[PDB]
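Enquirer: What follows is final.cif; its format and atoms are mmCIF, N, CA and C atoms.
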```cif
data_upload
#
loop_
_atom_site.group_PDB
_atom_site.id
_atom_site.type_symbol
_atom_site.label_atom_id
_atom_site.label_comp_id
_atom_site.auth_asym_id
_atom_site.auth_seq_id
_atom_site.Cartn_x
_atom_site.Cartn_y
_atom_site.Cartn_z
ATOM 1 N N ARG C 172 0.846 -1.211 0.000
ATOM 2 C CA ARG C 172 0.000 0.000 0.000
ATOM 3 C C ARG C 172 0.882 1.261 0.000
ATOM 4 N N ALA C 173 2.215 1.012 0.133
ATOM 5 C CA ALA C 173 3.250 2.045 -0.031
ATOM 6 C C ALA C 173 3.618 2.343 -1.496
ATOM 7 N N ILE C 174 3.408 1.370 -2.521
ATOM 8 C CA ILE C 174 3.771 1.475 -4.019
ATOM 9 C C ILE C 174 2.711 2.206 -4.914
ATOM 10 N N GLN C 175 1.502 1.660 -4.971
ATOM 11 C CA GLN C 175 0.469 2.341 -5.794
ATOM 12 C C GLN C 175 0.135 3.848 -5.397
ATOM 13 N N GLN C 176 -0.148 4.348 -4.085
ATOM 14 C CA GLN C 176 -0.739 5.708 -3.703
ATOM 15 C C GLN C 176 0.145 7.092 -3.682
ATOM 16 N N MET C 177 1.571 7.207 -3.788
ATOM 17 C CA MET C 177 2.076 8.545 -4.549
ATOM 18 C C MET C 177 2.481 8.577 -6.130
ATOM 19 N N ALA C 178 2.323 7.497 -7.022
ATOM 20 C CA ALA C 178 2.311 7.655 -8.522
ATOM 21 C C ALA C 178 1.045 8.359 -9.137
ATOM 22 N N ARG C 179 -0.135 8.295 -8.478
ATOM 23 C CA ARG C 179 -1.358 9.032 -8.965
ATOM 24 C C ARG C 179 -1.632 10.476 -8.446
ATOM 25 N N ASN C 180 -1.113 10.978 -7.272
ATOM 26 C CA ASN C 180 -1.158 12.489 -6.979
ATOM 27 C C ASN C 180 0.281 13.335 -6.733
ATOM 28 N N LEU C 181 1.628 12.947 -7.231
ATOM 29 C CA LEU C 181 2.855 13.638 -7.997
ATOM 30 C C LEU C 181 3.203 13.328 -9.641
ATOM 31 N N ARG C 182 2.618 12.228 -10.582
ATOM 32 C CA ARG C 182 1.747 12.089 -11.926
ATOM 33 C C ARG C 182 0.373 13.002 -12.102
ATOM 34 N N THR C 183 -0.719 12.904 -11.176
ATOM 35 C CA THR C 183 -1.645 14.054 -10.785
ATOM 36 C C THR C 183 -1.373 14.998 -9.502
ATOM 37 N N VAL C 184 -0.382 14.837 -8.535
ATOM 38 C CA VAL C 184 0.125 16.118 -7.813
ATOM 39 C C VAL C 184 1.691 16.471 -7.913
ATOM 40 N N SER C 185 2.292 16.467 -9.137
ATOM 41 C CA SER C 185 3.165 17.494 -9.732
ATOM 42 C C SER C 185 2.783 17.952 -11.208
ATOM 43 N N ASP C 186 1.589 17.622 -11.833
ATOM 44 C CA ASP C 186 1.064 18.328 -13.026
ATOM 45 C C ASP C 186 -0.080 19.329 -12.729
ATOM 46 N N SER C 187 -0.170 19.907 -11.533
ATOM 47 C CA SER C 187 -1.019 21.119 -11.333
ATOM 48 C C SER C 187 -0.573 22.371 -12.072
ATOM 49 N N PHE C 188 0.706 22.734 -12.132
ATOM 50 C CA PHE C 188 0.937 23.877 -13.019
ATOM 51 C C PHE C 188 0.727 23.419 -14.453
ATOM 52 N N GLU C 189 0.781 22.092 -14.639
ATOM 53 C CA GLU C 189 0.113 21.387 -15.722
ATOM 54 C C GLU C 189 -1.359 21.302 -15.402
ATOM 55 N N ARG C 190 -1.779 22.066 -14.412
ATOM 56 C CA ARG C 190 -3.065 22.746 -14.388
ATOM 57 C C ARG C 190 -2.859 24.206 -13.975
ATOM 58 N N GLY C 191 -1.827 24.883 -14.521
ATOM 59 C CA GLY C 191 -1.463 26.276 -14.239
ATOM 60 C C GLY C 191 -1.116 27.220 -15.397
ATOM 61 N N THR C 192 -0.872 26.630 -16.599
ATOM 62 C CA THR C 192 -0.249 27.365 -17.725
ATOM 63 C C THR C 192 -1.247 27.856 -18.874
ATOM 64 N N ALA C 193 -2.578 27.371 -18.936
ATOM 65 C CA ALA C 193 -3.723 28.077 -19.665
ATOM 66 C C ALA C 193 -4.520 29.224 -18.921
ATOM 67 N N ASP C 194 -4.789 29.237 -17.619
ATOM 68 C CA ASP C 194 -5.489 30.379 -16.996
ATOM 69 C C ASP C 194 -4.652 31.563 -16.357
ATOM 70 N N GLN C 195 -3.320 31.581 -16.371
ATOM 71 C CA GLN C 195 -2.755 32.954 -16.332
ATOM 72 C C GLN C 195 -2.293 33.606 -17.726
ATOM 73 N N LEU C 196 -2.375 32.880 -18.953
ATOM 74 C CA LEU C 196 -2.345 33.630 -20.274
ATOM 75 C C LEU C 196 -3.725 33.964 -21.094
ATOM 76 N N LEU C 197 -5.016 33.640 -20.659
ATOM 77 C CA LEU C 197 -6.269 34.601 -20.702
ATOM 78 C C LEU C 197 -6.949 35.174 -19.257
ATOM 79 N N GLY C 198 -6.202 35.490 -18.061
ATOM 80 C CA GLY C 198 -6.352 36.579 -16.989
ATOM 81 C C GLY C 198 -5.538 37.952 -17.079
ATOM 82 N N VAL C 199 -4.332 38.113 -17.805
ATOM 83 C CA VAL C 199 -4.135 39.377 -18.760
ATOM 84 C C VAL C 199 -3.827 39.234 -20.479
ATOM 85 N N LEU C 200 -4.035 37.952 -21.362
ATOM 86 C CA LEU C 200 -4.909 37.457 -22.627
ATOM 87 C C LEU C 200 -6.564 37.231 -22.514
ATOM 88 N N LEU C 201 -7.257 36.987 -21.276
ATOM 89 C CA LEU C 201 -8.594 37.534 -20.761
ATOM 90 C C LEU C 201 -8.605 38.557 -19.517
ATOM 91 N N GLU C 202 -7.537 39.412 -19.213
ATOM 92 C CA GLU C 202 -7.575 40.715 -18.462
ATOM 93 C C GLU C 202 -6.608 41.892 -19.004
ATOM 94 N N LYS C 203 -6.267 41.974 -20.321
ATOM 95 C CA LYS C 203 -5.814 43.113 -21.141
ATOM 96 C C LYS C 203 -6.442 43.178 -22.572
ATOM 97 N N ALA C 204 -7.749 42.871 -22.773
ATOM 98 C CA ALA C 204 -8.587 42.969 -24.057
ATOM 99 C C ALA C 204 -10.130 43.054 -24.045
ATOM 100 N N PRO C 205 -10.731 44.250 -24.052
ATOM 101 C CA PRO C 205 -12.189 44.371 -24.020
ATOM 102 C C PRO C 205 -12.862 44.317 -25.397
ATOM 103 N N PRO C 206 -14.089 44.868 -25.515
ATOM 104 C CA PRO C 206 -15.047 44.565 -26.590
ATOM 105 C C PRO C 206 -15.104 45.166 -28.044
ATOM 106 N N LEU C 207 -16.164 44.720 -28.835
ATOM 107 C CA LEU C 207 -16.156 44.383 -30.302
ATOM 108 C C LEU C 207 -16.606 45.446 -31.311
ATOM 109 N N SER C 208 -17.887 45.815 -31.207
ATOM 110 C CA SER C 208 -18.576 46.412 -32.334
ATOM 111 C C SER C 208 -17.701 47.465 -32.896
ATOM 112 N N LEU C 209 -16.927 48.036 -32.005
ATOM 113 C CA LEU C 209 -15.780 48.774 -32.405
ATOM 114 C C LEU C 209 -14.464 48.052 -32.269
ATOM 115 N N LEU C 210 -14.280 46.965 -33.006
ATOM 116 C CA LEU C 210 -13.202 46.976 -33.975
ATOM 117 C C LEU C 210 -13.779 47.300 -35.316
ATOM 118 N N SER C 211 -14.940 46.726 -35.629
ATOM 119 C CA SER C 211 -15.230 46.567 -37.065
ATOM 120 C C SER C 211 -14.954 47.833 -37.902
ATOM 121 N N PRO C 212 -15.241 49.032 -37.435
ATOM 122 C CA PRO C 212 -14.727 50.177 -38.196
ATOM 123 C C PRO C 212 -13.296 50.621 -37.821
ATOM 124 N N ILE C 213 -12.568 49.866 -36.971
ATOM 125 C CA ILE C 213 -11.094 49.860 -37.023
ATOM 126 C C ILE C 213 -10.644 49.318 -38.366
ATOM 127 N N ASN C 214 -11.600 48.965 -39.218
ATOM 128 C CA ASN C 214 -11.341 49.054 -40.642
ATOM 129 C C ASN C 214 -12.547 49.541 -41.405
ATOM 130 N N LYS C 215 -13.365 50.385 -40.789
ATOM 131 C CA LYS C 215 -13.889 51.370 -41.736
ATOM 132 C C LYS C 215 -13.867 52.863 -41.328
ATOM 133 N N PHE C 216 -12.896 53.387 -40.530
ATOM 134 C CA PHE C 216 -12.884 54.863 -40.410
ATOM 135 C C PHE C 216 -11.518 55.539 -40.025
ATOM 136 N N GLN C 217 -10.314 55.133 -40.537
ATOM 137 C CA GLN C 217 -8.987 55.699 -40.182
ATOM 138 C C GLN C 217 -7.677 55.250 -40.902
ATOM 139 N N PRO C 218 -7.396 55.568 -42.240
ATOM 140 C CA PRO C 218 -6.004 55.414 -42.760
ATOM 141 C C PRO C 218 -5.053 56.623 -42.905
ATOM 142 N N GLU C 219 -5.575 57.830 -43.204
ATOM 143 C CA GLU C 219 -4.905 59.076 -43.624
ATOM 144 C C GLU C 219 -4.895 60.235 -42.630
ATOM 145 N N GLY C 220 -6.078 60.831 -42.382
ATOM 146 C CA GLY C 220 -6.437 61.786 -41.343
ATOM 147 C C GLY C 220 -5.960 63.216 -41.519
ATOM 148 N N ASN P 377 6.727 39.313 -70.892
ATOM 149 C CA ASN P 377 5.662 39.481 -69.920
ATOM 150 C C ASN P 377 6.027 38.759 -68.632
ATOM 151 N N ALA P 378 5.311 39.095 -67.564
ATOM 152 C CA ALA P 378 5.553 38.508 -66.257
ATOM 153 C C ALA P 378 4.236 38.108 -65.611
ATOM 154 N N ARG P 379 4.265 36.997 -64.883
ATOM 155 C CA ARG P 379 3.096 36.544 -64.146
ATOM 156 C C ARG P 379 2.924 37.374 -62.884
ATOM 157 N N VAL P 380 1.694 37.802 -62.627
ATOM 158 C CA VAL P 380 1.405 38.648 -61.471
ATOM 159 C C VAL P 380 0.086 38.215 -60.843
ATOM 160 N N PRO P 381 0.023 38.069 -59.526
ATOM 161 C CA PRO P 381 -1.228 37.666 -58.871
ATOM 162 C C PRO P 381 -2.181 38.842 -58.740
ATOM 163 N N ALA P 382 -3.314 38.753 -59.429
ATOM 164 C CA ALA P 382 -4.379 39.735 -59.308
ATOM 165 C C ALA P 382 -5.681 39.061 -59.703
ATOM 166 N N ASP P 383 -6.790 39.606 -59.220
ATOM 167 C CA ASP P 383 -8.096 39.012 -59.463
ATOM 168 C C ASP P 383 -8.795 39.668 -60.648
ATOM 169 N N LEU P 384 -9.328 38.839 -61.536
ATOM 170 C CA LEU P 384 -9.968 39.294 -62.760
ATOM 171 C C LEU P 384 -11.376 38.723 -62.793
ATOM 172 N N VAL P 385 -12.369 39.599 -62.878
ATOM 173 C CA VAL P 385 -13.768 39.201 -62.860
ATOM 174 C C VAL P 385 -14.358 39.487 -64.230
ATOM 175 N N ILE P 386 -15.130 38.535 -64.747
ATOM 176 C CA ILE P 386 -15.808 38.740 -66.016
ATOM 177 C C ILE P 386 -17.190 39.318 -65.754
ATOM 178 N N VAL P 387 -17.464 40.474 -66.346
ATOM 179 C CA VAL P 387 -18.752 41.137 -66.216
ATOM 180 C C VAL P 387 -19.250 41.484 -67.609
ATOM 181 N N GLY P 388 -20.528 41.220 -67.862
ATOM 182 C CA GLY P 388 -21.051 41.396 -69.199
ATOM 183 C C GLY P 388 -20.320 40.495 -70.168
ATOM 184 N N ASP P 389 -19.454 41.084 -70.991
ATOM 185 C CA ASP P 389 -18.626 40.317 -71.912
ATOM 186 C C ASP P 389 -17.166 40.740 -71.839
ATOM 187 N N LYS P 390 -16.814 41.589 -70.883
ATOM 188 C CA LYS P 390 -15.485 42.169 -70.811
ATOM 189 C C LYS P 390 -14.770 41.678 -69.568
ATOM 190 N N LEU P 391 -13.538 41.238 -69.750
ATOM 191 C CA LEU P 391 -12.705 40.825 -68.637
ATOM 192 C C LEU P 391 -12.015 42.066 -68.087
ATOM 193 N N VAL P 392 -12.333 42.428 -66.848
ATOM 194 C CA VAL P 392 -11.823 43.647 -66.239
ATOM 195 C C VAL P 392 -11.063 43.306 -64.964
ATOM 196 N N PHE P 393 -9.981 44.037 -64.720
ATOM 197 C CA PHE P 393 -9.320 43.976 -63.428
ATOM 198 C C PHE P 393 -10.271 44.466 -62.348
ATOM 199 N N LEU P 394 -10.173 43.864 -61.172
ATOM 200 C CA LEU P 394 -10.971 44.285 -60.027
ATOM 201 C C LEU P 394 -9.986 44.695 -58.943
ATOM 202 N N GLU P 395 -9.523 45.932 -59.020
ATOM 203 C CA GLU P 395 -8.496 46.434 -58.127
ATOM 204 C C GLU P 395 -9.146 47.251 -57.025
ATOM 205 N N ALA P 396 -8.739 46.994 -55.792
ATOM 206 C CA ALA P 396 -9.218 47.706 -54.618
ATOM 207 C C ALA P 396 -8.040 48.262 -53.847
ATOM 208 N N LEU P 397 -7.158 48.968 -54.552
ATOM 209 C CA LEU P 397 -5.883 49.338 -53.962
ATOM 210 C C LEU P 397 -6.115 50.318 -52.821
ATOM 211 N N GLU P 398 -6.105 49.757 -51.624
ATOM 212 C CA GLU P 398 -6.143 50.466 -50.355
ATOM 213 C C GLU P 398 -5.115 49.916 -49.397
ATOM 214 N N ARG P 399 -4.633 48.712 -49.661
ATOM 215 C CA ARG P 399 -3.755 47.893 -48.853
ATOM 216 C C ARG P 399 -2.307 48.042 -49.282
ATOM 217 N N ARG P 400 -2.036 47.789 -50.562
ATOM 218 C CA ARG P 400 -0.692 47.959 -51.094
ATOM 219 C C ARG P 400 -0.270 49.417 -51.057
ATOM 220 N N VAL P 401 -1.199 50.319 -51.341
ATOM 221 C CA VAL P 401 -0.911 51.738 -51.466
ATOM 222 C C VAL P 401 -1.855 52.471 -50.524
ATOM 223 N N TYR P 402 -1.495 53.704 -50.171
ATOM 224 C CA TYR P 402 -2.281 54.574 -49.304
ATOM 225 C C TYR P 402 -2.362 54.062 -47.881
ATOM 226 N N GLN P 403 -1.418 53.246 -47.440
ATOM 227 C CA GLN P 403 -1.645 52.405 -46.278
ATOM 228 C C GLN P 403 -0.887 52.902 -45.056
ATOM 229 N N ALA P 404 -1.568 52.897 -43.905
ATOM 230 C CA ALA P 404 -0.953 53.183 -42.608
ATOM 231 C C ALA P 404 -0.199 54.502 -42.626
ATOM 232 N N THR P 405 -0.877 55.573 -43.016
ATOM 233 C CA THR P 405 -0.174 56.748 -43.488
ATOM 234 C C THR P 405 -1.050 57.993 -43.515
ATOM 235 N N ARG P 406 -0.663 58.936 -44.379
ATOM 236 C CA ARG P 406 -1.311 60.236 -44.423
ATOM 237 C C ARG P 406 -1.844 60.657 -45.796
ATOM 238 N N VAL P 407 -2.313 59.750 -46.661
ATOM 239 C CA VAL P 407 -2.881 60.149 -47.957
ATOM 240 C C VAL P 407 -4.358 59.825 -48.065
ATOM 241 N N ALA P 408 -5.091 60.747 -48.682
ATOM 242 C CA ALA P 408 -6.521 60.622 -48.881
ATOM 243 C C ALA P 408 -6.831 59.568 -49.915
ATOM 244 N N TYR P 409 -7.316 58.445 -49.447
ATOM 245 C CA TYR P 409 -7.795 57.475 -50.402
ATOM 246 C C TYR P 409 -9.026 58.049 -51.083
ATOM 247 N N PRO P 410 -8.979 58.318 -52.388
ATOM 248 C CA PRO P 410 -10.172 58.849 -53.051
ATOM 249 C C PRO P 410 -11.238 57.775 -53.077
ATOM 250 N N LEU P 411 -12.351 58.029 -53.756
ATOM 251 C CA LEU P 411 -13.522 57.163 -53.721
ATOM 252 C C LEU P 411 -14.205 57.195 -52.362
ATOM 253 N N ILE P 412 -13.959 58.236 -51.568
ATOM 254 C CA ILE P 412 -14.661 58.429 -50.305
ATOM 255 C C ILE P 412 -15.258 59.827 -50.296
ATOM 256 N N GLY P 413 -15.507 60.372 -51.482
ATOM 257 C CA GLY P 413 -16.004 61.728 -51.577
ATOM 258 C C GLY P 413 -17.361 61.892 -50.921
ATOM 259 N N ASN P 414 -17.748 63.147 -50.758
ATOM 260 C CA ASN P 414 -18.974 63.504 -50.069
ATOM 261 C C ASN P 414 -19.984 64.070 -51.054
ATOM 262 N N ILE P 415 -21.254 63.982 -50.684
ATOM 263 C CA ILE P 415 -22.318 64.560 -51.485
ATOM 264 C C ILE P 415 -23.141 65.474 -50.598
ATOM 265 N N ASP P 416 -23.835 66.410 -51.231
ATOM 266 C CA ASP P 416 -24.624 67.410 -50.530
ATOM 267 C C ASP P 416 -26.068 67.308 -50.989
ATOM 268 N N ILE P 417 -26.978 67.168 -50.035
ATOM 269 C CA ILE P 417 -28.404 67.067 -50.301
ATOM 270 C C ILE P 417 -29.101 68.129 -49.470
#
```
As structure tokens, what does this structure read like?
Expert:
Amino acid sequence: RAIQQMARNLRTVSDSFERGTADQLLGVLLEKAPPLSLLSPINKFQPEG
Amino acid sequence: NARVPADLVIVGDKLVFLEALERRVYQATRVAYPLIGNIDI
């Protein structure tokens, strides 16, 4: 009972930052980018000025 | 002659270039792209 029970939570408890590397690149990739309807004339109202 | 990538659309019976030069030229800059003129009513 000493062999089977730390291969499943340091395989599953040392891959937590392998549950760490998608949600801090959309909290400022989803916390440095707001909304839409204005991009669309970010290509219909500004080349020359 | 030289091969050049451009789009050619057939309309009626005439093969015409369909150029929308806003990207290659007049781009990211300070020139008035014509064809944006104004009308008065």
Enquirer: Excluding same-chain residues fewer than 4 positions from range 390-400 of chain P, what lies within 12 Å of it counting only C-alpha atoms, as a PyMOL selection string?
Expert: (chain C and resi 214-215+217-219) or (chain P and resi 381-386+404-405+407-412)
Enquirer: Go ahead and compute the interatomic distance for atom N of residue 210 in chain C and atom N of residue 197 in chain C, in Å to one decimal.
Expert: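 Interatomic distance, atom N of residue 210 in chain C to atom N of residue 197 in chain C: 20.4 Å.
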Enquirer: By how many Å are atom N of residue 174 in chain C and CA of residue 191 in chain C apart?
Expert: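 Those two atoms sit 28.0 Å apart.
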Enquirer: Centre and edge lengths of an axis-aligned box around all listed atoms of range 202-215 of chain C, with 8 Å added on each side, are to be given in Å to one decimal, as JSON.
Expert:
```
{"center_x": -12.2, "center_y": 46.1, "center_z": -30.1, "size_x": 28.8, "size_y": 29.5, "size_z": 39.3}
```
Enquirer: Write down as a list in words the residues belonging to chain P that are assigned strand (DSSP E or B) by DSSP computed on the backbone.
Expert: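 Answer for chain P restricted to strand (DSSP E or B) is residues 384, 385, 386, 387, 390, 391, 392 and 393 of chain P.
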Enquirer: Run DSSP on the backbone and tell me which residues of chain C come out as helix (DSSP H, G or I); list them as a VMD selection string.
Expert: chain C and resid 178 to 181 188 to 190 211 to 214
Enquirer: Output the selection as a JSON list (two decimals), keeping the file's coordinate frame - N, CA and C atoms for each residue.
Expert:
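out.json, freshly written:
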```json
[["chain", "number", "residue", "atom", "x", "y", "z"],
["C", 178, "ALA", "N", 2.32, 7.50, -7.02],
["C", 178, "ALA", "CA", 2.31, 7.66, -8.52],
["C", 178, "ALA", "C", 1.04, 8.36, -9.14],
["C", 179, "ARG", "N", -0.14, 8.30, -8.48],
["C", 179, "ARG", "CA", -1.36, 9.03, -8.96],
["C", 179, "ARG", "C", -1.63, 10.48, -8.45],
["C", 180, "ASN", "N", -1.11, 10.98, -7.27],
["C", 180, "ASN", "CA", -1.16, 12.49, -6.98],
["C", 180, "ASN", "C", 0.28, 13.34, -6.73],
["C", 181, "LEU", "N", 1.63, 12.95, -7.23],
["C", 181, "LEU", "CA", 2.86, 13.64, -8.00],
["C", 181, "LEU", "C", 3.20, 13.33, -9.64],
["C", 188, "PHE", "N", 0.71, 22.73, -12.13],
["C", 188, "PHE", "CA", 0.94, 23.88, -13.02],
["C", 188, "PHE", "C", 0.73, 23.42, -14.45],
["C", 189, "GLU", "N", 0.78, 22.09, -14.64],
["C", 189, "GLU", "CA", 0.11, 21.39, -15.72],
["C", 189, "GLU", "C", -1.36, 21.30, -15.40],
["C", 190, "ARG", "N", -1.78, 22.07, -14.41],
["C", 190, "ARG", "CA", -3.06, 22.75, -14.39],
["C", 190, "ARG", "C", -2.86, 24.21, -13.98],
["C", 211, "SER", "N", -14.94, 46.73, -35.63],
["C", 211, "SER", "CA", -15.23, 46.57, -37.06],
["C", 211, "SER", "C", -14.95, 47.83, -37.90],
["C", 212, "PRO", "N", -15.24, 49.03, -37.44],
["C", 212, "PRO", "CA", -14.73, 50.18, -38.20],
["C", 212, "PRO", "C", -13.30, 50.62, -37.82],
["C", 213, "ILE", "N", -12.57, 49.87, -36.97],
["C", 213, "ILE", "CA", -11.09, 49.86, -37.02],
["C", 213, "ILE", "C", -10.64, 49.32, -38.37],
["C", 214, "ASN", "N", -11.60, 48.96, -39.22],
["C", 214, "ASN", "CA", -11.34, 49.05, -40.64],
["C", 214, "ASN", "C", -12.55, 49.54, -41.40]]
```
Enquirer: Could you jot down the atom C of residue 416 in chain P to atom C of residue 212 in chain C separation for me, Å, one decimal place?
Expert: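 Those two atoms sit 24.8 Å apart.
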